[PDB]
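S.K.:
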Amino acid sequence: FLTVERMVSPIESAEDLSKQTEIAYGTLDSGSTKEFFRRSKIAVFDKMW
Amino acid sequence: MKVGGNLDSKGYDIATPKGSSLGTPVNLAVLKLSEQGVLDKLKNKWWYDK
Numbered sequence: 623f624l625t626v627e628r629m630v631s632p633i634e635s636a637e638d639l640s641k642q643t644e645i646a647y648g649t650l651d652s653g654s655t656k657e658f659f660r661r662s663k664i665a666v667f668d669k670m671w
Numbered sequence: 721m722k723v724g725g726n727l728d729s730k731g732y733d734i735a736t737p738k739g740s741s742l743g744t745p746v747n748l749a750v751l752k753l754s755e756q757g758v759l760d761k762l763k764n765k766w767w768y769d770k
């Protein structure tokens with residue numbers, strides 16, 4: 623129990639958050655935030671969309 | 721999930737009429753995306769991005 627609690631690393635940046643799927647996430651239904659994700663080709667960001 | 725390697729080997733190819741005008745160029749076309757990897761993109765992306 624204690625080792626697993628100590629190993630829990632809180633999400634800080636995008637890539638570490640991107641790999642995990644326990645915590646859901648999403649953007650607005652409109653706006654340039656969605657359009658940025660589509661046009662982005664970064665491996666962190668292409669899988670983001 | 722999938723376990724182990726491929727027991728046999730085959731391939732997927734496009735269909736062209738006998739001696740068609742698209743016989744040699746498309747065959748050259750399909751083969752030339754395998755170097756810079758733009759064909760390699762389209763396979764691993766659709767399989768393992770969305």
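Protein chains in written order, with the entry's author numbering: chain C, 623 to 671; chain D, 721 to 770. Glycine included, every Cβ here is placed at the ideal spot set by N, Cα and C.
In angstroms with no decimal places, state the Cα-to-Cα distance between C:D651 and C:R660.
M.R.: Taking the first sequence and counting its residues from 1, the one referred to as residue 651 of chain C is at position 29. Taking the first sequence and counting its residues from 1, the one referred to as residue 660 of chain C is at position 38. In a straight line, the C-alpha of C:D651 is about 14 Å away from that of C:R660.
S.K.: Relative to the C-alpha of C:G648, which residue among C:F623, C:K663, C:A665, C:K669 is closest?
M.R.: Position 26 of the first sequence holds residue 648 of chain C. Minimum Cα distance to C:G648 is reached at C:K669.
S.K.: Leaving aside the five residues before and after D:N747 along the sequence, list all residues of the same chain whose C-beta is less than 6 Å from its C-beta, in chain order.
M.R.: Within the second sequence, numbered from 1, the residue matching residue 747 of chain D stands at position 27. Nothing meets the Cβ criterion.
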